[PDB]
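**Student:** If you scroll down you'll find the structure; I have some questions about it.
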Amino acid sequence: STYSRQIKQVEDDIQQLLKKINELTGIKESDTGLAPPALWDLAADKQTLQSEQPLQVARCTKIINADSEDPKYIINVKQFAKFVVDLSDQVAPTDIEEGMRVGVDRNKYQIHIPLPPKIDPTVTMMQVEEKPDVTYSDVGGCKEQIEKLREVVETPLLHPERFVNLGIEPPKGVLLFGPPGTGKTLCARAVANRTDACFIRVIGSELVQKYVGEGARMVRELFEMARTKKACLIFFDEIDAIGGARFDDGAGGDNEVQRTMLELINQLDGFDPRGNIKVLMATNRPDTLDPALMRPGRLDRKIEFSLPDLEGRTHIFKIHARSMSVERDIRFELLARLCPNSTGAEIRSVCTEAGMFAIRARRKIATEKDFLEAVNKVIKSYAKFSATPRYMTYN
Amino acid sequence: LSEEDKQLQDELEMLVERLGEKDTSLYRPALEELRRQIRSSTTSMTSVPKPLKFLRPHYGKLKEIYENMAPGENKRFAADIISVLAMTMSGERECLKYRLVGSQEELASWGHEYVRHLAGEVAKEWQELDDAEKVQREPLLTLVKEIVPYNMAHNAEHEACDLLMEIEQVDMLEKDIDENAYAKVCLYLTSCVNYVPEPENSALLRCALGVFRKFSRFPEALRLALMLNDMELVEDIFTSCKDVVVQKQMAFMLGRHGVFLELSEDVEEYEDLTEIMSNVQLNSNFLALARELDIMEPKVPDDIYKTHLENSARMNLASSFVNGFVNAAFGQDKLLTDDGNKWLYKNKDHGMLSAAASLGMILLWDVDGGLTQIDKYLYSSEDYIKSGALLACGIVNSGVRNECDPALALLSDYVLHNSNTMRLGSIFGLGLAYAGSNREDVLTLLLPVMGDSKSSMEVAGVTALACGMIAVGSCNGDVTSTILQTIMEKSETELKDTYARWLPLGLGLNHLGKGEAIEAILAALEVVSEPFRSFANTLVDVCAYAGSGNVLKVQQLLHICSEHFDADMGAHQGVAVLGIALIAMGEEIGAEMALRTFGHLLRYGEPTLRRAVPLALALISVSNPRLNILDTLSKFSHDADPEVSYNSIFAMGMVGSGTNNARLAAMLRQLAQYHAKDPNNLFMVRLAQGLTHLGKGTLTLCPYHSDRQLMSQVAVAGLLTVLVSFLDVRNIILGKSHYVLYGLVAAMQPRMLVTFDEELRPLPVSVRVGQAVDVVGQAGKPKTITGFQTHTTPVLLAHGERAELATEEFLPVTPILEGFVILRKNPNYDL
Ligand SMILES: Nc1ncnc2c1ncn2[C@@H]1O[C@H](COP(=O)(O)OP(=O)(O)OP(=O)(O)O)[C@@H](O)[C@H]1O
Ligand SMILES: [Mg+2]
């Protein structure tokens with residue numbers, strides 16, 4: 001308390017100094033999206049505003065007399081108008097092709113720069129930019145499942161030389177199926193963490209759109225943008241949202257969504273080659289998927305995430321109780337035996353509730369009794385709500 | 001008006017009336033009750049006697065009672081009430097006075113809040129008291145012999161240090177330190193050593209050293225000794241201990257710091273004690289580690305480049321660094337061991353110099369086996385390959401000190417070799433091979449090289465660099481004379497060469513962290529010409545205060561950066577910016593406070609001033625891939641100024657050196673695409689990619705170890721060599737002198753946690769690894785890690801990640817769980 005008077009004196013000076021520093025440097029606005037002045041190149045910005053003219057986005061439609069020395073380009077300037085224009089002298093004639101977006105000036109509308117194909121902002125947000133914090137070490141009891149998963153979705157991209165030499169075309173599709181909580185999305189999160197190519201996460205419910213043909217459009221632009229990369233990974237979580245089997249119920253039942261599935265089937269294996277895309281779909285209702293989608297060449301590998309065996313359950317217990325403050329002789333093999341048919345999700349909850357009982361008793365170490373009570377609360381007491389019995393019939 | 005409050009208001013008159021009577025019979029019962037009346041409200045911290053606050057003007061009636069007659073019992077309790085009234089007002093020379101002159105009973109009887117104000121007073125008046133007032137501290141001392149025991153009783157220990165630090169009497173703390181608070185008292189004042197200046201800098205450590213020595217806490221006593229660079233005290237700490245199990249742990253800590261101790265053969269277990277501290281077993285321990293991490297597979301630069309996902313002499317020379325950096329100190333490579341001739345000869349000119357030397361970096365710390373591999377290139381007819389293989393031996397022996405010396409033998413015969421390139425691979429080889437040795441054998445063999453007529457300025461610089469590494473922080477008299485001699489013997493035009501910038505570093509390296517021992521040296525730098533003198537004056541002054549955080553010195557550094565010149569005259573401005581990082585790298589508070597100042601140099605600065613601030617970011621946060629610096633560097637990778645673009649990208653690699661950061665590698669891969677058509681920028685991008693995957697993530701270049709509290713002389717020498725060479729990135733790094741990038745070999749250490757048994761064998765146990773948490777202040781048992789996870793022991797610790805044993809099966813010899821740790825069975829465990 002002896003320094004209380006002086007601490008506030010220097011604390012206020014620092015705040016006064018901080019505010020005074022902001023007076024000279026400038027830390028304000030931030031509501032019109034203004035960057036801090038340390039990045040302000042005003043001299044350059046003035047030059048850009050004159051030297052660099054703005055360009056209107058237009059799409060080339062037809063090239064007239066491309067063979068001759070006077071090639072004329074018909075452009076569609078969005079909602080403005082259509083113009084027959086000539087190419088600018090600072091770009092090559094071979095760089096502009098029909099059906100490609102171009103940048104045109106406002107005076108003579110001559111094409112100044114080719115532009116990337118238009119992609120829906122929602123589709124652009126589908127590619128994973130921050131990888132998950134989950135590795136393959138966090139998946140237990142899926143040893144055979146992971147190796148099959150890796151050798152199709154990881155090995156070809158990491159070491160492509162081992163397949164070209166032997167004339168091997170590795171599978172370009174994996175379907176992960178199993179009851180809920182079995183690790184289907186967990187393995188895909190491990191794949192995205194480890195992968196070096198572009199990863200696109202697509203939830204099937206995201207492909208359901210209000211208007212007619214819009215869902216199939218997003219599938220087209222999804223594969224269009226995946227093809228703009230040397231190697232790509234598309235993850236279709238809960239593909240049963242759009243991958244349902246086709247049917248005719250008199251009325252137009254699920255006709256629109258079936259078209260989205262038909263588009264996805266077309267991009268996977270159609271007239272055109274798919275590309276270097278290796279797709280990956282996870283669903284807990286694989287019996288509902290269309291036979292065309294469940295066919296090799298679209299989903300070549302069918303990896304089943306069945307409920308873990310005794311060795312697998314003990315491994316998942318070790319994974320989730322790794323960072324716990326457990327006791328000496330926690331018989332994890334015994335705990336794995338007390339939940340015969342239990343998903344890894346239940347095992348994680350058992351670990352959480354086991355330490356939750358210890359927190360309840362103001363104890364810093366989780367005993368074996370706490371795990372025994374956790375098994376009763378999760379495996380036994382919560383067996384009324386268990387999704388396992390209903391979903392093994394589906395898988 | 002409460003009746004009980006009015007009852008005390010009655011004592012303002014009726015009790016004073018009892019003290020107003022001539023007879024002393026009524027004096028004692030009223031005063032004794034009045035003395036106890038204070039304790040009535042003292043029992044509650046918030047409750048204070050407000051009627052007593054109205055008795056302050058009543059002291060006039062009591063003025064003659066406590067002043068004008070005998071002090072037996074009349075003044076005794078009369079003054080103490082005024083002292084109780086004295087914490088309410090300013091209390092300048094009053095609260096202590098009635099305490100000092102009044103009753104001399106136990107201090108805590110008047111309240112914890114009273115002594116806290118009383119303790120605050122004794123420090124305030126201590127500064128006021130002059131030398132002639134030494135007779136006035138007789139009762140002043142008695143209180144602090146009772147205030148300190150009172151403070152430790154009620155867990156208010158940190159206030160106890162605050163008392164005797166102010167009065168500069170920290171010595172008497174150790175006599176009253178108990179077993180229940182020795183760690184808390186040490187942990188507090190040791191955290192104050194990062195800000196308190198000399199002479200209280202060493203003095204505060206000495207008292208902490210005494211406490212640890214008193215309580216037989218040898219491993220943490222040795223840590224304090226190294227921080228004070230007390231060569232004498234290191235021997236006394238080492239040999240005082242009798243538990244031999246405890247002693248081998250120090251040699252691990254001592255060897256990691258790179259300080260050698262010449263033990264006597266009479267000391268028990270002499271052999272393994274030297275072997276442990278000489279890091280001869282480091283290669284086996286390192287190789288056994290990564291075998292457990294199953295990363296023995298060699299890595300090609302293509303696996304680092306990942307060009308298959310991408311939608312020349314420089315390229316080949318760039319990939320040579322990327323090759324060696326990734327599998328450094330691993331001993332196996334798919335690109336150099338396997339028919340190295342095609343790859344090595346695929347490089348050209350000085351590219352073969354670094355390509356050949358890259359073979360010694362993959363055998364780092366492999367003194368025996370590494371020497372077995374460079375010999376094939378040691379007989380090469382090409383001038384560069386042999387000299388590159390010459391420097392490869394120095395890289396191989398860098399960081400390892402064996403008893404009988406190979407590296408001097410293979411390279412002594414070539415320090416005067418007629419071809420400068422053959423010479424060039426020699427001195428830089430010896431500098432790395434014996435960095436931080438202060439061995440007169442190598443120095444005397446290396447010293448005349450700088451004075452040779454055949455030695456060019458390129459050779460002249462490396463000799464100062466190398467001799468600086470051997471005698472780093474030693475203030476060697478011999479090297480100072482010759483480095484100064486060379487500096488003024490060079491011409492005005494000769495000093496214009498940027499290789500001349502290295503001679504001051506050799507002088508600066510010798511005084512690394514020494515402090516104010518440079519005024520004699522700085523006086524010598526007065527006689528040399530400009531603008532080299534200004535650069536030399538700035539550089540050596542900076543290395544003097546490295547890891548000190550002396551703001552006054554940083555104040556001078558910012559003034560040098562303040563005045564701008566419309567290049568040639570502003571070459572010294574880059575060193576000042578690197579100086580701020582080199583000074584503030586001590587404590588976290590200064591380092592982060594330096595980041596904002598770096599941004600302002602990055603905004604208001606001129607090109608030559610702005611070209612070095614990326615280097616400052618690398619030095620201040622090497623192997624610490626924090627997002628604030630990376631984003632700051634990321635924005636400035638594609639800058640208009642080529643050096644700033646070159647330096648920033650290299651800084652990103654050094655900031656993430658050995659971290660294997662997935663986010664950083666993605667940025668570097670993206671920077672490769674952006675700078676594909678700029679070979680110079682791409683070479684820096686390629687250089688950064690090699691550094692971020694240094695040693696497959698098993699190595700660090702951070703100069704700090706022991707919970708970021710111990711400064712390694714060799715590591716800073718290795719870093720300073722690289723970043724000071726980066727001030728002229730056009731001519732040195734991108735030019736013909738990229739071998740200077742092998743200076744960071746001196747800074748290579750493994751981010752290690754290997755717990756050994758008492759017989760030094762591996763002992764994998766469960767540990768908790770997570771971000772460190774400051775444990776200063778809050779009493780009880782606060783957690784020192786947050787967001788932690790449980791791994792087995794042979795795990796790589798990132799910067800700022802502490803480690804605690806999850807269980808209690810083993811008692812660590814040292815609290816600091818870094819590097820190699822010896823574990824002992826806990827007797828209480830399994831009782
Ligand atoms: N094999 C496993 N090893 C370790 N933890 C697992 C495993 N399987 C599941 N878990 C845990 O259980 C959680 C269940 O989530 P997860 O995404 O894996 O479910 P899912 O199989 O995709 O389920 P749903 O079919 O309902 O989408 C995971 O987040 C993880 O913490
Ligand atoms: Mg899922």
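Letters A, B, ... go to the chains of the structure tokens in the order shown; residues in each chain start at 1; ligands are counted from 1 in the same order.
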Identify, counting only C-alpha atoms and all ligand atoms, the protein, DNA and RNA residues located within 7 Å of ligand 2, and give them as a PyMOL selection string.

**Tutor:** chain A and resi 184-185+237-238+282

**Student:** If we count only C-alpha atoms, which residues of chain B reach to within 10 Å of chain A? Please list them as a PyMOL selection string.

**Tutor:** chain B and resi 113+116-121+159+162-163+303+306-311+599-604+635-636+662-663+666+766-768+788-791+806-807

**Student:** Tell me, as a PDB file with C-alpha atoms, in the first residue's frame, which residues lie within 10 Å of residue A:304, counting only C-alpha atoms; anything in the same chain fewer than 4 positions away does not count.

**Tutor:**
ATOM      1  CA  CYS A 142      -9.241 -46.077 -36.558  1.00  0.00           C
ATOM      2  CA  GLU A 144      -7.034 -49.294 -40.634  1.00  0.00           C
ATOM      3  CA  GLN A 145      -9.544 -46.524 -41.356  1.00  0.00           C
ATOM      4  CA  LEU A 175     -16.833 -41.978 -48.184  1.00  0.00           C
ATOM      5  CA  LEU A 176     -16.698 -42.030 -44.385  1.00  0.00           C
ATOM      6  CA  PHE A 177     -19.794 -43.611 -42.864  1.00  0.00           C
ATOM      7  CA  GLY A 178     -20.732 -44.734 -39.385  1.00  0.00           C
ATOM      8  CA  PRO A 179     -23.019 -43.951 -36.463  1.00  0.00           C
ATOM      9  CA  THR A 182     -17.663 -42.428 -34.483  1.00  0.00           C
ATOM     10  CA  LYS A 184     -16.097 -39.192 -39.282  1.00  0.00           C
ATOM     11  CA  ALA A 282     -18.962 -38.105 -44.448  1.00  0.00           C
ATOM     12  CA  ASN A 284     -24.178 -41.173 -40.829  1.00  0.00           C
ATOM     13  CA  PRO A 286     -25.156 -43.959 -46.127  1.00  0.00           C
ATOM     14  CA  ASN A 395     -24.811 -48.054 -41.442  1.00  0.00           C
TER      15      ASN A 395
END

**Student:** Please compute the atom CA of residue A:353-atom CA of residue A:336 distance, one decimal, in Å.

**Tutor:**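 According to the coordinates, atom CA of residue A:353 and atom CA of residue A:336 are separated by 15.3 Å.
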
**Student:** Taking only C-alpha atoms and all ligand atoms into account, list the residues no farther than 10 Å from ligand 1, as a PyMOL selection string.

**Tutor:** chain A and resi 134+136-143+145-146+176-189+237-238+282-285+305-308+312-320+342-349+387+391

**Student:** Among stretch 71-319 of chain A, which ones does DSSP place in strand (DSSP E or B), written as a PyMOL selection string?

**Tutor:** chain A and resi 72-77+81-87+101-104+111-114+127+173-177+198-203+232-237+244+249+251+277-283+289+301-304

**Student:** Write out as a PyMOL selection string the residues lying within 9 Å of residue B:569, counting only C-alpha atoms and excluding same-chain residues fewer than 4 positions away.

**Tutor:** chain B and resi 530-532+534+565+573

**Student:** Store the residues of this selection in a file with C-alpha atoms, as an mmCIF file, in the first residue's frame.

**Tutor:**
data_model
loop_
_atom_site.group_PDB
_atom_site.id
_atom_site.type_symbol
_atom_site.label_atom_id
_atom_site.label_comp_id
_atom_site.auth_asym_id
_atom_site.auth_seq_id
_atom_site.Cartn_x
_atom_site.Cartn_y
_atom_site.Cartn_z
ATOM 1 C CA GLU B 530 34.359 9.331 -39.675
ATOM 2 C CA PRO B 531 31.766 8.075 -40.464
ATOM 3 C CA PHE B 532 33.304 4.765 -39.414
ATOM 4 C CA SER B 534 30.216 6.820 -35.400
ATOM 5 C CA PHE B 565 20.641 12.672 -43.125
ATOM 6 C CA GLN B 573 21.651 4.450 -37.894
#

**Student:** For the helix (DSSP H, G or I) assignment from backbone DSSP, which residues of stretch 42-172 of chain B qualify? Please present them as a ChimeraX atom specification.

**Tutor:** /B:42,50-53,57-60,74-84,95-101,107-110,112-128,131-153,157-166,170-172

**Student:** Nearest to residue B:752: which of B:286, B:481, B:568, B:804 is it, counting only C-alpha atoms?

**Tutor:**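 Using only C-alpha atoms, the shortest distance to residue B:752 belongs to B:286.
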
**Student:** Between B:244, B:315, B:250, B:374, single out the one closest to residue B:270, counting only C-alpha atoms.

**Tutor:**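 Residue with the minimum atom-to-atom distance to residue B:270: B:244.
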
**Student:** Give me the residues near stretch 462-469 of chain B as a PDB file with N, CA and C atoms, in the first residue's frame, where near means some atom within 6 Å (using only C-alpha atoms) and where sequence neighbours in that chain fewer than 5 positions away do not count.

**Tutor:**
ATOM      1  N   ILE B 427      39.383 -19.072 -40.780  1.00  0.00           N
ATOM      2  CA  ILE B 427      39.102 -18.273 -39.589  1.00  0.00           C
ATOM      3  C   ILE B 427      37.647 -18.430 -39.163  1.00  0.00           C
ATOM      4  N   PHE B 428      36.716 -18.370 -40.118  1.00  0.00           N
ATOM      5  CA  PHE B 428      35.315 -18.581 -39.770  1.00  0.00           C
ATOM      6  C   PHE B 428      35.088 -19.998 -39.262  1.00  0.00           C
ATOM      7  N   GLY B 431      36.381 -19.677 -35.680  1.00  0.00           N
ATOM      8  CA  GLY B 431      35.466 -18.881 -34.882  1.00  0.00           C
ATOM      9  C   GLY B 431      34.273 -19.680 -34.397  1.00  0.00           C
ATOM     10  N   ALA B 435      33.888 -20.773 -30.559  1.00  0.00           N
ATOM     11  CA  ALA B 435      33.109 -19.644 -30.077  1.00  0.00           C
ATOM     12  C   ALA B 435      32.860 -19.771 -28.578  1.00  0.00           C
ATOM     13  N   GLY B 436      33.117 -18.688 -27.853  1.00  0.00           N
ATOM     14  CA  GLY B 436      32.943 -18.696 -26.409  1.00  0.00           C
ATOM     15  C   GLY B 436      33.911 -19.593 -25.670  1.00  0.00           C
ATOM     16  N   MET B 450      44.897 -11.107 -38.873  1.00  0.00           N
ATOM     17  CA  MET B 450      44.321  -9.804 -39.189  1.00  0.00           C
ATOM     18  C   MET B 450      45.391  -8.782 -39.551  1.00  0.00           C
ATOM     19  N   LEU B 503      35.147  -5.475 -38.101  1.00  0.00           N
ATOM     20  CA  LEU B 503      36.150  -5.216 -37.069  1.00  0.00           C
ATOM     21  C   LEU B 503      35.553  -4.637 -35.794  1.00  0.00           C
ATOM     22  N   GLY B 506      33.963  -7.537 -33.726  1.00  0.00           N
ATOM     23  CA  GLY B 506      34.934  -8.296 -32.958  1.00  0.00           C
ATOM     24  C   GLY B 506      35.298  -7.603 -31.662  1.00  0.00           C
ATOM     25  N   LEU B 509      32.085  -7.785 -29.662  1.00  0.00           N
ATOM     26  CA  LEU B 509      31.821  -9.123 -29.147  1.00  0.00           C
ATOM     27  C   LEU B 509      32.593  -9.381 -27.860  1.00  0.00           C
ATOM     28  N   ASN B 510      33.828  -8.879 -27.779  1.00  0.00           N
ATOM     29  CA  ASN B 510      34.657  -9.127 -26.604  1.00  0.00           C
ATOM     30  C   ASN B 510      34.035  -8.546 -25.342  1.00  0.00           C
ATOM     31  N   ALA B 717      26.620 -14.063 -30.157  1.00  0.00           N
ATOM     32  CA  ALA B 717      27.696 -13.894 -31.126  1.00  0.00           C
ATOM     33  C   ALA B 717      27.293 -14.443 -32.486  1.00  0.00           C
TER      34      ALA B 717
END

**Student:** I'd like the contact shell of stretch 71-76 of chain A - 6 Å cut-off, only C-alpha atoms, skipping same-chain residues fewer than 4 positions apart - returned as a list in words.

**Tutor:** residues 58, 59, 60, 61, 62, 63, 64, 65, 66, 82, 83, 84, 85 and 86 of chain A

**Student:** At a cut-off of 10 Å, using only C-alpha atoms, what residues contact residue B:560? Leave out same-chain residues fewer than 6 positions from it and give the result as a ChimeraX atom specification.

**Tutor:** /B:534,538,554,570,572-577

**Student:** Restricted to N, CA and C atoms, what would the selected residues look like written as an mmCIF file, in the first residue's frame?

**Tutor:**
data_model
loop_
_atom_site.group_PDB
_atom_site.id
_atom_site.type_symbol
_atom_site.label_atom_id
_atom_site.label_comp_id
_atom_site.auth_asym_id
_atom_site.auth_seq_id
_atom_site.Cartn_x
_atom_site.Cartn_y
_atom_site.Cartn_z
ATOM 1 N N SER B 534 31.580 6.785 -35.912
ATOM 2 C CA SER B 534 30.216 6.820 -35.400
ATOM 3 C C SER B 534 29.583 5.435 -35.433
ATOM 4 N N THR B 538 28.820 3.324 -31.998
ATOM 5 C CA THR B 538 27.474 2.839 -31.715
ATOM 6 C C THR B 538 27.458 1.331 -31.499
ATOM 7 N N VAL B 554 19.424 3.091 -24.299
ATOM 8 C CA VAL B 554 18.449 3.099 -25.385
ATOM 9 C C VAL B 554 18.007 4.526 -25.683
ATOM 10 N N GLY B 570 24.742 7.968 -42.694
ATOM 11 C CA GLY B 570 23.743 7.367 -41.834
ATOM 12 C C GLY B 570 23.852 5.859 -41.724
ATOM 13 N N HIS B 572 25.553 4.210 -39.536
ATOM 14 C CA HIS B 572 25.428 3.928 -38.114
ATOM 15 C C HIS B 572 23.986 3.872 -37.625
ATOM 16 N N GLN B 573 23.031 4.439 -38.366
ATOM 17 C CA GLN B 573 21.651 4.450 -37.894
ATOM 18 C C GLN B 573 21.057 3.048 -37.852
ATOM 19 N N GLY B 574 21.497 2.160 -38.744
ATOM 20 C CA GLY B 574 21.007 0.792 -38.710
ATOM 21 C C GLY B 574 21.430 0.049 -37.458
ATOM 22 N N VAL B 575 22.648 0.311 -36.979
ATOM 23 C CA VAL B 575 23.143 -0.366 -35.784
ATOM 24 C C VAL B 575 22.359 0.074 -34.557
ATOM 25 N N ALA B 576 21.980 1.351 -34.503
ATOM 26 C CA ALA B 576 21.207 1.843 -33.369
ATOM 27 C C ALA B 576 19.860 1.138 -33.274
ATOM 28 N N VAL B 577 19.213 0.903 -34.417
ATOM 29 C CA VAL B 577 17.945 0.179 -34.415
ATOM 30 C C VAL B 577 18.154 -1.253 -33.945
#

**Student:** Go through B:174, B:32, B:366, B:639 one by one, measure the shortest atom-to-atom distance of each to residue A:41 using only C-alpha atoms, and give the residue with the smallest value.

**Tutor:**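 Ranked by minimum distance to residue A:41, first place goes to B:639.
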
**Student:** Of the candidates A:338, A:100, A:225, A:216, which one gets nearest to residue A:123 if we count only C-alpha atoms?

**Tutor:** A:225

**Student:** How far is it from atom CA of residue B:284 to atom CA of residue B:393, in Å with one decimal?

**Tutor:**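 Going from atom CA of residue B:284 over to atom CA of residue B:393 covers 18.5 Å.
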